[PDB]
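Chemist: Got an experimental structure here, sequence first:
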Amino acid sequence: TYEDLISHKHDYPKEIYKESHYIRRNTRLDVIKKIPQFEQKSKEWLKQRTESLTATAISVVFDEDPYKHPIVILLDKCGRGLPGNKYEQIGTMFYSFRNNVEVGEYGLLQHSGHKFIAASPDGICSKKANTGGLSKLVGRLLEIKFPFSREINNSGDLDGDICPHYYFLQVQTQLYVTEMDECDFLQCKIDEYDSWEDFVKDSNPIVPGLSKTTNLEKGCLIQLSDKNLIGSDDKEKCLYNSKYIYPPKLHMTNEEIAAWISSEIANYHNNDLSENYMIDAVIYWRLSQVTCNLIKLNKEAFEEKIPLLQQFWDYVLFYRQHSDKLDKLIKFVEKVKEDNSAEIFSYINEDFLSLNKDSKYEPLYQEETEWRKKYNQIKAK
Amino acid sequence: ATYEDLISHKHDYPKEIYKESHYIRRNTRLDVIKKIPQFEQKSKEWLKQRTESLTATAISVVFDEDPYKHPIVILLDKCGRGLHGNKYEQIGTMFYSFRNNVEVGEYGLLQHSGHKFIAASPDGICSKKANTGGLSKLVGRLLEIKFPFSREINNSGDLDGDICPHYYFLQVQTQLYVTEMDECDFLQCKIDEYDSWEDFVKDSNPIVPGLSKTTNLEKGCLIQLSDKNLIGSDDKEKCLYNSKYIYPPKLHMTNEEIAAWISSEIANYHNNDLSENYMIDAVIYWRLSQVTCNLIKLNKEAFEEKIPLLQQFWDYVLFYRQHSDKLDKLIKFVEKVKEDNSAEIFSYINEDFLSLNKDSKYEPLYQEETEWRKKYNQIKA
Ligand SMILES: [Mg+2]
Ligand SMILES: [Mg+2]
Ligand SMILES: [Mg+2]
Ligand SMILES: [Mg+2]
């Protein structure tokens, strides 16, 4: 009854892609694989992070983010201030399984034309179906969120209600960078079992790979603890700074689970992360609620907003080379609060125009965006 | 047996006025401390007070005697650059106040009289007032409460190294030096939270309701208040950093008065000042599982021998606060050679300092590893 969970709705019936969009998406993905990924925390990876605005920052720069204001993005890219998730891959394996397509993760990708706009999608579906043949999901991005207190809505506007707007802008920027058309917005709630006993207790009788209370997959997770830190540290720095070893596939039998845990222990002497991280605990998880919503790219609507992003990045490049004016800017934001974007960026645009006498740039955020007004309205009460 | 059997009266003072000299000096010092204004912790004016001094948690790092941070991060922090915890502190206080029969007060950040760049903020100081009336011998005794989750609490071995981790010992030393007191109780607590109110009332000790029958330590309730600015945020920092808490009035409450306090607190929450900025979130039920207390006395001479190093470090901080260019190129220099190489980093810093102060007689810091750095390196490798 396990094979009944593999949906074949996206299996492509032909050997070669006939429709044009499938061909272009596959070709673009093949171009993406040719783009070199880089090792973490070293090499050009710094020259990739500092040279662009990540997709999660674009919602803030648009003045359409409900928690951060543009000045924090401006100061972050200049190294100043004021004073992912651990289950993501599990979601990837769920989507790859139930939709019968191979999903690959790729590092940070910068847009070809506007290099200062970059994004890192949680995964892109390849052309290969799992049960053989091609798949219709080729080139479809994956964006997976794990809210803890927020309730997942399935009705209402796609831009506002089903998908939170800042996440919607993140997906739009991701689709713009990778030059793809579709992205699946997957929202998952995960509970962890107290013990292995409770894990085997909640097993669905007819199907061992599911939970009997949520009718969704369950599995294991290996936690690798940082060494420098932790050892005897005392807070939540340890949680964020853990890395994880993930199971090979879902719907594992209990024996295969324990055998894989042990083999992972023995071979961790050769695991690179275990040499730099210590095997901590073994977590047992189950999916409790999974929603998926297709999001398509509006390219013209984003290109209309590219000029604003260009002006913002020009401000970043400006204050990166003038440390004195950056200090006096920090004092100016110290005076009037950081949510007052109109005055802050009027000051910033003056500072910019003072040394660039041929810039037609006008101050940004002079009027609240419609989303800013909506958020402030939601604040009352 | 009533809960009053747990109240130790060993520190009850029999007279009305303090006769002995040390009690008089400690009480007078406490009265002097009360006149110095403290700010609303965690918010602005406090955070501005911290930037003008080296806090007690930084001294272990500056001494090159901290196993997790190196002095360069303290230097860069004070110049505005980069690159089961506090929530139960009050609960710990209420435990210490109960079993030791003394009133404990919080006093915020205090700066040292002579060296104003050395400041400390104790988790609490015992007043002269005993709980059952009269004076107490614990007047002026500092309180420092720690909540390890993975660290094992040791009961034997060195006080400076084994019972109290060395960095914590230096924190307590700085607190005793700043507050000009003589003794501090180092309290270490482990707390687990109940799944349900049912488990709370079931785990009540029969003869004494205020204790747990499985841990033989106090249990109680706690009200969690979530920030309003953040509603649906998917960060764990969301409220857990920005949350405020409503605490019970006393320990050893009966179940009925517990429920009455929860209900009355919920209903009256609208007249609360916090009601306009915070929402009642969850109600947590806690019990203590392990509590250790260890007396630590001040070694004033050993700290004053180390004050010159702190003065030189703070002079470096004041130096780079005025030279943004040299701070930028310093940060790039720390990008080159790693942050753990304090000898090279602060040789560079001493060069940069002597270039504009050609007669300050300062020699490079951290040219040789401290013995504690050696021990930590042995444990790390
Ligand atoms: Mg991103
Ligand atoms: Mg993501
Ligand atoms: Mg402190
Ligand atoms: Mg503390």
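Modeler: That came through fine. Residues are numbered from 1 along each chain as shown, chains lettered A, B, ... in the order given. Ligands and ions are numbered 1, 2, ... in the order given.
Chemist: now the strands: where do they sit in chain A?
Modeler: A:11-12, A:101-104, A:109-110, A:118-119, A:123-129, A:134-135, A:141-145, A:182-192, A:218-226, A:243-245, A:277-296 (DSSP state E).
Chemist: could these go into JSON lines alongside mean neighbour count and distance to chain B?
Modeler: Every C-beta, even on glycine, is put in place using the N, C-alpha and C of the backbone. Below are these laid out as JSON lines (neighbours: other C-beta atoms under 10 Å in any protein chain shown; distance: least, C-beta to the nearest C-beta, whole Å):
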{"stretch": "strand A:11-12", "mean neighbour count": "18", "distance to chain B": "33"}
{"stretch": "strand A:101-104", "mean neighbour count": "20", "distance to chain B": "21"}
{"stretch": "strand A:109-110", "mean neighbour count": "18", "distance to chain B": "21"}
{"stretch": "strand A:118-119", "mean neighbour count": "23", "distance to chain B": "18"}
{"stretch": "strand A:123-129", "mean neighbour count": "22", "distance to chain B": "18"}
{"stretch": "strand A:134-135", "mean neighbour count": "22", "distance to chain B": "30"}
{"stretch": "strand A:141-145", "mean neighbour count": "23", "distance to chain B": "6"}
{"stretch": "strand A:182-192", "mean neighbour count": "20", "distance to chain B": "10"}
{"stretch": "strand A:218-226", "mean neighbour count": "21", "distance to chain B": "8"}
{"stretch": "strand A:243-245", "mean neighbour count": "17", "distance to chain B": "16"}
{"stretch": "strand A:277-296", "mean neighbour count": "17", "distance to chain B": "9"}
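Chemist: which residues touch the residue lying closest to residue A:96 once chain neighbours are set aside?
Modeler: Distances taken as C-beta to C-beta, 6 or more residues apart in numbering or on different chains place residue A:103 nearest to residue A:96, at 4.4 Å, with adjacent residues excluded. Shown in contact with residue A:103 (C-beta atoms under 8 Å, 6 or more residues apart in numbering or on different chains): A:92, A:95, A:96, A:123, A:124, A:125, A:126, A:142.
Chemist: Tell me what residue A:103 is bridged to.
Modeler: When assigned by DSSP bridges, residue A:103 has beta-bridge partners residue A:125.
Chemist: Please report the distance of it from residue B:376.
Modeler: Applying C-beta to C-beta, to the nearest Å, the value for residue A:103 to residue B:376 is 43 Å.
Chemist: Residue A:308 too?
Modeler: 49 Å.
Chemist: and these two? which has more neighbours close in?
Modeler: residue B:376 (20 against 16; other C-beta atoms under 10 Å in any protein chain shown).
Chemist: Hmm, that one is touching residue B:70, no?
Modeler: No: Residue B:376 is beyond contact range of residue B:70, at 10.7 Å (criterion: C-beta atoms under 8 Å).
Chemist: Does residue A:297 touch residue A:180 like I think?
Modeler: Yes: counting by C-beta under 8 Å, residue A:297 touches residue A:180, with 7.1 Å between them.
Chemist: Settle it for me: which of the two has more neighbours?
Modeler: Comparing residue A:297 with residue A:180 by other C-beta under 10 Å, the one with more neighbours is residue A:180, at 23 against 20.
Chemist: Around the residue lying closest to residue A:327 once chain neighbours are set aside, how many other residues sit close by?
Modeler: Residue nearest to residue A:327 in three dimensions, not counting chain neighbours: residue B:324, with 5.8 Å by C-beta to C-beta, 6+ apart. A total of 16 residues lie near residue B:324 under the criterion other C-beta under 10 Å.
Chemist: For ligand 1, what's the nearest residue on chain A?
Modeler: residue A:55 (3.8 Å; C-beta to the ion).
Chemist: contacting residues for that residue?
Modeler: So residue A:55 contacts A:118, A:119, A:120, A:169, A:170, A:173, A:174, A:177 (C-beta under 8 Å, 6+ apart).
Chemist: Could you measure from the nearest residue to the third one once chain neighbours are set aside over to residue B:276?
Modeler: Across the structure, with C-beta to C-beta, 6+ apart as the measure, the residue nearest residue A:120 apart from its sequence neighbours is residue A:108 (4.7 Å). Counting by C-beta to C-beta, the separation of residue A:108 from residue B:276 is 42 Å.
Chemist: Stretch A:221-238: end-to-end distance?
Modeler: 16 Å (C-alpha to C-alpha, to the nearest Å).
Chemist: can you list contacts of it?
Modeler: Contacts for stretch A:221-238 (C-beta under 8 Å, 6+ apart): A:86-87, A:90, A:241-247, A:261, A:264, A:273-274, A:276-285, B:67-68, B:85, B:146-151, B:165, B:236, B:240, B:379-380.
Chemist: Which stretches in the stretch 151-300 of chain A count as helices?
Modeler: A:165-177, A:196-201, A:237-240, A:254-267, A:272-276, A:299-321 (DSSP state H, counting those that start in this stretch).
Chemist: Taking strand A:277-296 as reference, get the angle to the fourth one.
Modeler: What separates the directions of helix A:254-267 and strand A:277-296 is an angle of 120 degrees, with axes from the mean of the first three to the mean of the last three C-alpha atoms, to 10 degrees.
Chemist: cool, the first one as well?
Modeler: With the same axes, to 10 degrees as the basis, helix A:165-177 and strand A:277-296 are set at 80 degrees to each other.
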